[PDB]
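Enquirer:
Protein chains: 4
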Amino acid sequence: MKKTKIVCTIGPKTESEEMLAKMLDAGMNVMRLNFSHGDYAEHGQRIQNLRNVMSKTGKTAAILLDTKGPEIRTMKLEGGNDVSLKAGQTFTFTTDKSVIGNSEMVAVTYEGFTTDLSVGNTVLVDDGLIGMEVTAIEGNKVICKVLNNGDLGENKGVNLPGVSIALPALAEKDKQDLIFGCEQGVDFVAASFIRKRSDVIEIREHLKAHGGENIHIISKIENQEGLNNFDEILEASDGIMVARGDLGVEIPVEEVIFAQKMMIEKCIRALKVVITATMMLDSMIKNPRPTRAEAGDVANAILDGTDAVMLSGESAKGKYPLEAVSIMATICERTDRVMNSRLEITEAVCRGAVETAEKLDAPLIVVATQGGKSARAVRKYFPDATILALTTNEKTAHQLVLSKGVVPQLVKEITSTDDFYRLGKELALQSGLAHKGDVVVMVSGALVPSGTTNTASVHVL
Amino acid sequence: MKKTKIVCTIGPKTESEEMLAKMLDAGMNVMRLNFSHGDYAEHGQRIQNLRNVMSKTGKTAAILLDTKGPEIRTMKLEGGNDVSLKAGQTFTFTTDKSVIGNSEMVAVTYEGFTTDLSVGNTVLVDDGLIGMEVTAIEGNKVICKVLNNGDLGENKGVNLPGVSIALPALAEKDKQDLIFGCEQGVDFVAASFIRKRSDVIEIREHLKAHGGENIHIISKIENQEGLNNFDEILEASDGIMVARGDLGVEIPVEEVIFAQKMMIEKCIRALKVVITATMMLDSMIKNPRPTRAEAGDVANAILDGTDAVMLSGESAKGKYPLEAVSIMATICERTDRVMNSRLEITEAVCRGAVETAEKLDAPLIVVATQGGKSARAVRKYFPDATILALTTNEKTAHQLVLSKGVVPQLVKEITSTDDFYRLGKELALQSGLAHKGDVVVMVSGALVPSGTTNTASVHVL
Amino acid sequence: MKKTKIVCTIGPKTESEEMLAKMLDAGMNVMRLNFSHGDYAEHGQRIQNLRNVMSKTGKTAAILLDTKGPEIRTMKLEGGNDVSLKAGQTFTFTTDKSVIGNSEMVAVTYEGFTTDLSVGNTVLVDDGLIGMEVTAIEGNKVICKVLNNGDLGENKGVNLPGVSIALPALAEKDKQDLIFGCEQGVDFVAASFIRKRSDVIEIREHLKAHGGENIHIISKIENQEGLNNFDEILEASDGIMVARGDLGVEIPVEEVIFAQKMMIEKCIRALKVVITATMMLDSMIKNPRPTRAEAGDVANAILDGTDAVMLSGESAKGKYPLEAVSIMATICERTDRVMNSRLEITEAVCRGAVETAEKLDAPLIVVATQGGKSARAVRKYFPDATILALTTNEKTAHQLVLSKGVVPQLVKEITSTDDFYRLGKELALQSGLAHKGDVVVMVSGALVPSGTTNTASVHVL
Amino acid sequence: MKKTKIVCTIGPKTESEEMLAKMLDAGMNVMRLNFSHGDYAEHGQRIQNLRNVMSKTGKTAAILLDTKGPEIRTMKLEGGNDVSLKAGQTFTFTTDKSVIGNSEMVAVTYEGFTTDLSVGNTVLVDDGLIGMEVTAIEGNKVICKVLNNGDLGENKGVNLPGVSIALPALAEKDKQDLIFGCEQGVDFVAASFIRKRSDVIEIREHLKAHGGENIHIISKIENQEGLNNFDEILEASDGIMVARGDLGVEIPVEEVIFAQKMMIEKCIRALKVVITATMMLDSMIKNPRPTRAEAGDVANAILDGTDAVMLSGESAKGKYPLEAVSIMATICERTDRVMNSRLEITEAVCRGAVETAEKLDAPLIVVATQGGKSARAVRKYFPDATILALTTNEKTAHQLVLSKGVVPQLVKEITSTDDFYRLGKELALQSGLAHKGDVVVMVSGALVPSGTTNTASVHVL
């Protein structure tokens, strides 16, 4: 069975229950809702469908709300026509959202473009298709020198590598998309363009402002500042999504795999889920097979140690959504199966539980948990055993779906430590994960508040 | 505080309570009754007094009954006079108990002296004072050549180094001594001259026949057969007693330390106490200080890893019983304090507990136990932590006194695993062995019959 | 300084000396000649220029001759027009090179298509684009079931995975390329489409037949067969080139990274250079910057542990040959720099030399070597020190260019072990790789025929 | 073959060549000359005989001159008659060399007895036979209370446990003894009663004053001050002699084994031989068999790690000198055979050499050495391999007998590193310590002054 979990963005080709059900089947574990597009009724029905499928089949899934977040865009061109920039030329950016640009100038949606930039700074346009150098700044104008030939279209993304931008943490719309999220009760929010811990807290404050206080916040690392503030961001969030594509636009190429690796490792050490994201099977938006280069990159994320892998357009609008979920899974299964535990108070207990589980060959580790901490603490060592996580918190069951190799199970009550061992035993067996005569290792907390894992116990089924 | 336990033989100079009380204070932990001498009323008062002091002070101790054992002795001499044997001479042993010997021959109490011996065999007499070689066996006669000059007194101990003797496991007085042992409820019986598992089983059966089935049997290895059968002996015993002295007459001197070593190591591995015994502070039978040679010997037995050290004549009849108890304990304390854990299902759990105890610096390990198994399973690793051992079994409480660094405590009930943690926490504190904020590691068995230790939990006081 | 070495394929845009010089400068260590194209006089001049640059600058490089190898093509179609085949359809292959095919069958260049195939076998066409089932073979005809929809273009590769083809190993045109190679004295021959150890030997026998017995043979694993016979291939060759692209055609995607990994690992253990090859910075054939996916793929090859990385079209015919050498190198330097030694008779000595070098902090390991084995043997552990390799064999010095982090140096004589230490100290200093006061670890063979490394010696500069 | 070396004191019953030859044969490796007795002619003939046996048999031995050292002694008594002291009594010591003592007072040979002592201090007399408490010091008088009954004989040794004494490093007769030592070319001097480094230097200076600069100095630690200054003593000495018995009168008994342990461990770490000495087989002064306690104590000293063991009286005047040598060696052979290497620039080189010897199973390590350092450095790790040590220095060959498991061999020249491997191979073979096909590890120094071991080489015979 794979352990690495797969997050799929759901779109209109993939939203029916029927599809939903086909996807959980091929390996889907979380549904992602990309608020870059769609309205609240579409999303709602999507949430509802999933939830339907869920109730109908007994499968579990989780629901991740992706915010759209702050951005700087170029706007419109003459006659809606493309313009050819030429290396060396001068090109100029205007804050005047009224201007209609041409081959010499264009407007930008971001009234602060002037202040945040600085002569010498680089401007990149259309996910890096064109780069320019800033020569001068005056009035509403940024004047640059195009450093390379390319066609500027209408409404294009601008990157300001190394630059810190004064956009706020939450775009405007952004705020209403989280309220919605709270109202529907999503299990995670993936917040875009995080650059500093201050940005996390703002998102937590909104959530908490709307009853979304138990919603896990996944900060998306997408540029250099964020990369820089990684540690403090990480400390404030419940987890991370490394966006290779965005990073590869903001920072030196040779540094992007190293950033992924690093972030991945700090997550696992912090007990915070991490998602590996942009540019996974993108060729499948158009083909029914990924390329070899693509297969190795995902493999290598799994090997880097991620908890989950994510499909974007491959599953939202491509022509083979189910073919991607399916190859995405054989690759997880196959990568996962050649990985090893990493042994190298919660910690002591949990490493011991894992080390023991392995020494006794137990196929299963059973953990009791309120917040999900102890299922994460065991997953920190990359057990060979599957983790059967019992909990009475619904949210916690949902959120554990995202964790590597955990199988959450919602229970009505856990009266006591021996009560857990009994129940854990029943379930072990009920789960077809183990059979009479297997050793099982059961971890939980005893006379300690949630957040402390201090007890390990070996049992024979 | 020392960990190594002290076994003291009680004699008529040490039997008063007052004494008993000054000895428990100096470090005695178990009182040995040597049934080589004394009658049942003496011994009984002895037990009674000890049990007195115990109830009067709240101290705990254990009682070990030492059997006297089968033996081969030489018998009487003309006029009760000693005869000087001379190297080179012919000398002869006769199984004819009626014979009254002289410088040419003497009788032996052991009818099988001529069948078990063989031409070429060595006979030793009077604790190795004189040796001889067997040249011929015929009729009731064993004819030797005296290898060395010496004087043969009457009624002396004979050693048949390397020979297997068909004396029985037990002697006619040995059997009454154990029934007495049973009526009095001693905690352990140290059986003498054990040579083969069969001997153990006989002992076990005799005890079981008289309600003594819960008495721990300690086999005394005193000769080469025993040594050879170590492994099946150990398997059948609840423990061992290494009698260096005897060993030293029966086997090559250079092997004796090695025997002691080996045997201590296999006891600890098997979870069976072991006692290091003859020749420990014997000089103190006459002096109030042991000799430096002597001190190293004990120290070294502690370092070889023994649970206990045993005082003989030094405390039963010597002039300085309480000086010997006291120098024995400073040595214990001083050696014990420079030792280290040896980490290298029950086992996995216990090693981890100890291993975790040390990583979190816990001064105490608290164990629940019926039989004593789990307290011994944790001592296997020579913890730095004291072991606080809770049990509802009184016998168990007593026998655990003999175990290295265990403090046993009798409780009225342990209703459940959470119950134990609460209970063990109160006592940990109550015992002044830890204080508020110390980490304590609690071990027990959860949903498993006695004899399985499968649970470890860390708690802060 | 980077360690991982860079093989660059030289073409007509890159062959000047001027260029050659600018590339050595950017990181090129080996020139690859792609015999898929060009003639003997172009090649010869290429070799000669490289050799000029070398002699003029003192730089060292090595020269790798790639053979072209055996193939199986589909041929021409009606009007040069594509024809779309549809699943379930019957389609068929003819050996008759005169047929002009259409939607129902085409011609293949390999007369033995019929005998080597077998009803039930799979035929793959066009780098796997379309697959078919062997239904029938009769006459000059192999008849199959198209298993998937696609369009057959003209002149398309065919793969017969699992099947052994009777094509010889060395194409009788190819044979000519090796002779040339021997006359010019290339350092390595990379042999195409190796499937089995018998294929290696065939190459070796040709080389030996023409004075090229000292030329290292790199087998290119490019298919399932080869993959399967990897071990016996490895044993017969002097090294390997893992051709991910070809592999990805013949075998299941999700296995392709795993094959690379494996193969890299058994190389290093065997002391046989390994190159990682197709699909490295291909985008740069057209852009001056690779993609972030490409940059992690290389990195990851370096992390998998390859000795070298190779540029194909990026440096032979693309628009930015020197931009690819150069990003290729920053990526090497960058990856190389965060890697660690792998410690985990030649073996014992060399492991030790490395472990010692690291404990003493030596910036450099000096090795004496005839065949190169002792430089590879130290390189097996990924030392942090640079390897300075002395040798009197010219071929040895050239081929060591291809080894990870080795700096070869040709010397006139090494009279004795003490002579080596003296010489090796001079050169260490002469090299600016160490300075007065650094520890240096010197490894060599003493009173042993080449092929044994038995001597290690530490010295201060 | 035993590794532990045996130091035998040579007296008049053992000085004949015949005897010397029989002992070399039982295991004697060094001859000790105890200058507490004999005159120069006796000793010289003793040296001569041993040297004879040597030359006659090709055996090697070393010679060790034991200084008598300074002392405090009680002097004469009225009529030469013993006086019984009674506990509680007052008894007084006088500095006045003229007094003739009785039961109330006696004189001491040590003028500083009054200054160095203090009220409260303990004075022991006649090897601890009697102890007394100092109550008052006045004039030439030290007044005490006898703590125990006993009889005072004349001319008896006194201990001031815990006291520092201003006796000089050396006695007047000690000085003449060393001059003789130097004339005879003894190999080691064991200096008695070393308390502080200053003492070692004194000894060194006198030796140096008389051509004895190459004689190794072995400090004897006999008292608490000694013990306290251990480290600086060690540093100055070429080695140590642990005098357990002396220690045992000067310091708490329970510290004495720990003293031995510690000092044996710091000698091995410092590459300085150590000798375990008083109280080894003393009972054999009178019997032909040691006691079991005795045998454990030695074995245990070999296990603590000493390089040598020493016979005293047992081999100088006892009745069974050759039985004591002989049991001393069985015990050595038997304890030594169950030990293991301890692996845990000279160092690095040497640990690896041993580590490699074991991994390749080499039965011998051959070392080149001027001063003996590298032989000691390999021995530091308790190799299972014998050390064959080639040197050109005869003193060095001699002193190396004293080291654990080294076989020293005097050679005429070692021209070069390869020369060494050649030679070492011949001799390895010539020594019947190895055979064709055995791996041998050869260690030395290459292009480094003596005192640096930087080269290790593996060879097959």
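Going down the list, the sequences are from chains A, B, C and D.
FYI, in the deposited numbering the residues of the first sequence are 1 to 344, 354 to 470.
FYI, in the deposited numbering the residues of the second sequence are 1 to 344, 354 to 470.
FYI, in the deposited numbering the residues of the third sequence are 1 to 344, 354 to 470.
FYI, in the deposited numbering the residues of the fourth sequence are 1 to 344, 354 to 470.
Where is the CB? At the ideal position from N, CA and C, for every residue including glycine.
Sorted by chain position, which residues of the same chain lie with C-beta nearer than 8 Å to B:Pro392's C-beta, five sequence neighbours on each side aside?
Expert: Against the second sequence, residue 392 of chain B aligns to sequence position 383. For B:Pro392, where only same-chain residues beyond five positions count, the Cβ hits under 8 Å are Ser341, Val363, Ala366, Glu367, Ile374 and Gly414.
Enquirer: Need the endpoints of the alpha helix (DSSP H) that D:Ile327 sits in, please.
Expert: For this step, residue 327 of chain D is matched to residue 327 along the fourth sequence. Residues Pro321 to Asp336.
Enquirer: What does the alpha-carbon distance come out to for the pair B:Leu167 and B:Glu71?
Expert: As a working mapping, residue 167 of chain B is identified with position 167 in the second sequence. As a working mapping, residue 71 of chain B is identified with position 71 in the second sequence. So the alpha carbons of these two residues sit roughly 8 Å apart.
Enquirer: Return the chain-ordered ranges of every alpha helix (DSSP H) run that is complete within the region 288-317 of chain B and spans a minimum of 4 residues.
Expert: With a minimum length of 4 residues, the continuous alpha helix (DSSP H) runs that stay inside the region 288-317 of chain B are 292-304 and 313-316.
Enquirer: By the DSSP assignment, the alpha helix (DSSP H) with B:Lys382 in it spans what residues?
Expert: For the purposes of this step, residue 382 of chain B is identified with residue 373 of the second sequence, where counting begins at 1. That run of the alpha helix (DSSP H) goes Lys382 to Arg388.
Enquirer: Assess contact between the region 33-48 of chain A and the region 9-23 of chain A, defined as three or more Cβ pairs (one per stretch) separated by less than 8 Å. Is contact present?
Expert: Touching, yes.
Enquirer: Determine whether the Cβ of A:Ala243 lies closer than 8 Å to any Cβ atom of chain C.
Expert: As a working mapping, residue 243 of chain A is identified with position 243 in the first sequence. So no, A:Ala243 is outside the interface.
Enquirer: Going by DSSP in three states, D:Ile264 sits in which element: helix, strand or coil?
Expert: Locating residue 264 of chain D in the fourth sequence gives position 264, counting from the first residue. Residue state, collapsed to three classes: helix.
Enquirer: Using the beta-carbon count (16 or more within 10 Å), is C:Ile100 buried or exposed?
Expert: Indexing the third sequence from 1 puts residue 100 of chain C at position 100. Classification of C:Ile100: exposed, given that the 10 Å Cβ count is below 16.
Enquirer: Compare the beta carbon distance of C:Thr122 and C:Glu111 with 8 Å and say whether it is the shorter of the two.
Expert: Locating residue 122 of chain C in the third sequence gives position 122, counting from the first residue. Locating residue 111 of chain C in the third sequence gives position 111, counting from the first residue. The answer is no: Cβ separation not under 8 Å.
Enquirer: Looking only at C-alpha atoms, which of D:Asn214, D:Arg269 and D:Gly211 sits nearest to D:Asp231?
Expert: For the purposes of this step, residue 231 of chain D is taken as the residue at position 231 of the fourth sequence. Comparing Cα-Cα distances from D:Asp231 to each of D:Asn214, D:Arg269 and D:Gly211, the minimum goes to D:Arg269.
Enquirer: How many whole angstroms separate the CB atoms of C:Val146 and C:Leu117, which I take to be in contact at a CB cut-off of 8 Å?
Expert: On the third sequence, residue 146 of chain C is found 146 positions in, with the first residue counted as 1. On the third sequence, residue 117 of chain C is found 117 positions in, with the first residue counted as 1. Not a contact, Cβ separation roughly 15 Å.
Enquirer: Taking buried to mean at least 16 other C-beta atoms within 10 Å of its own C-beta, is C:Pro290 buried or exposed?
Expert: Along the third sequence, read from residue 1 onward, the residue named residue 290 of chain C stands at position 290. Result: buried.
Enquirer: Scan the region 447-460 of chain D for residues whose Cβ lies nearer than 7 Å to a Cβ of chain C and list them as they occur along the chain.
Expert: Residues passing the 7 Å Cβ filter: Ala455 and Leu456.
Enquirer: Using C-beta distances below 7 Å, list every residue in its chain close to B:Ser283, excluding the 5 sequence neighbours before and after it, in chain order.
Expert: Translated into the one-based positions of the second sequence, residue 283 of chain B becomes position 283. The residues are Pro290, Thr291 and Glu294.
Enquirer: Counting along the chain, where does the beta strand (DSSP E) carrying A:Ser84 start and finish?
Expert: Numbered from its first residue, the first sequence carries residue 84 of chain A at position 84. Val83 to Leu85 is the span of the beta strand (DSSP E), which, as asked, contains A:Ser84.
Enquirer: Bridge partners of A:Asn340, per DSSP?
Expert: Translated into the one-based positions of the first sequence, residue 340 of chain A becomes position 340. Paired residues: none, contrary to the question.
Enquirer: Alpha carbon to alpha carbon, how far is A:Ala437 from A:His444? Give it in angstroms, no decimals.
Expert: Here residue 444 of chain A is taken as the residue at index 435 of the first sequence, counted from 1. Here residue 437 of chain A is taken as the residue at index 428 of the first sequence, counted from 1. Using only the alpha carbons, I get a separation of about 8 Å.
Enquirer: Determine whether the beta carbon atoms of D:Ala26 and D:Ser326 lie at a separation below 8 Å.
Expert: To locate residue 26 of chain D, count along the fourth sequence from 1; it is residue 26. To locate residue 326 of chain D, count along the fourth sequence from 1; it is residue 326. Cβ distance < 8 Å, so D:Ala26 and D:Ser326 count as in contact.
Enquirer: Look up B:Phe91 in the DSSP assignment and give the residues it is bridged to.
Expert: As a position in the second sequence, residue 91 of chain B is number 91, starting the count at 1. BP columns for B:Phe91 point to B:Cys144.
Enquirer: Between A:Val449 and A:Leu432, is the Cβ-Cβ spacing less than 8 Å?
Expert: Reading the first sequence from its first residue, position 440 is the one you call residue 449 of chain A. Reading the first sequence from its first residue, position 423 is the one you call residue 432 of chain A. Taking 8 Å as the Cβ cut-off, A:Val449 and A:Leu432 do not qualify as a contacting pair.
Enquirer: Is B:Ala465 close to chain A? Criterion is C-beta to C-beta, closer than 8 Å.
Expert: To locate residue 465 of chain B, count along the second sequence from 1; it is residue 456. Yes, B:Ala465 counts as interfacial toward chain A.
Enquirer: Going along the chain, which residues of the region 133-150 of chain B sit with their C-beta nearer than 9 Å to a C-beta in chain D?
Expert: Going along the region 133-150 of chain B in chain order, one finds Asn148 with a Cβ nearer than 9 Å to chain D.
Enquirer: Would you say C:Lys97 and C:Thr109 are within 8 Å of each other, going by their C-beta atoms?
Expert: Position 97 of the third sequence, counted from the start, is the residue given in the question as residue 97 of chain C. Position 109 of the third sequence, counted from the start, is the residue given in the question as residue 109 of chain C. Going by C-beta atoms, C:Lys97 is nearer than 8 Å to C:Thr109.
Enquirer: Looking at C:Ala384: is its Cβ nearer than 8 Å to the Cβ of C:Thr355?
Expert: Your numbering for residue 384 of chain C matches position 375 in the third sequence. Your numbering for residue 355 of chain C matches position 346 in the third sequence. Taking 8 Å as the Cβ cut-off, C:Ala384 and C:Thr355 do not qualify as a contacting pair.
Enquirer: Pull the bridge partners of B:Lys220 from the DSSP assignment, please.
Expert: Translated into the one-based positions of the second sequence, residue 220 of chain B becomes position 220. Partner(s): B:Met241.
Enquirer: On the three-state DSSP scale, how would you describe C:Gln418?
Expert: Residue 418 of chain C sits at position 409 when you count from the first residue of the third sequence. Note: C:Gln418 maps to strand in three-state DSSP.
Enquirer: Output the boundary residues of the alpha helix (DSSP H) element that contains C:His43.
Expert: Here residue 43 of chain C is taken as the residue at index 43 of the third sequence, counted from 1. From DSSP, the alpha helix (DSSP H) with C:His43 extends over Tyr40 to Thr57.
Enquirer: Within this structure, are the beta carbons of A:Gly454 and A:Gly380 separated by less than 8 Å?
Expert: To locate residue 454 of chain A, count along the first sequence from 1; it is residue 445. To locate residue 380 of chain A, count along the first sequence from 1; it is residue 371. It is not a contact, given that the beta carbons lie outside the stated cut-off.
Enquirer: Using a C-beta cutoff of 8 Å, does B:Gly361 count as contacting chain A?
Expert: Stepping through the second sequence from its first residue, residue 361 of chain B is reached at position 352. Yes - at least one Cβ of chain A is within 8 Å of the one on B:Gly361.
Enquirer: Pick from D:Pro288, D:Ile275, D:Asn214 and D:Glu235: whose alpha carbon is nearest that of D:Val242?
Expert: Numbered from its first residue, the fourth sequence carries residue 242 of chain D at position 242. Comparing Cα-Cα distances from D:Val242 to each of D:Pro288, D:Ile275, D:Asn214 and D:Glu235, the minimum goes to D:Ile275.
Enquirer: For the candidate residues B:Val53, B:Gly446, B:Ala107 and B:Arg388, whose alpha-carbon lies nearest to that of B:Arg360?
Expert: Looking up residue 360 of chain B in the second sequence gives position 351. If we check each option's Cα against that of B:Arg360, B:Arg388 comes out closest.
Enquirer: Could you name the residues that DSSP lists as bridge partners for D:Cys8?
Expert: Translated into positions along the fourth sequence, residue 8 of chain D becomes position 8. In the DSSP output, where bridge partners are listed per residue, D:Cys8 has D:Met31 and D:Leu311.
Enquirer: Cα separation between A:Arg337 and C:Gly131?
Expert: Residue 337 of chain A sits at position 337 when you count from the first residue of the first sequence. Residue 131 of chain C sits at position 131 when you count from the first residue of the third sequence. About 29 Å.
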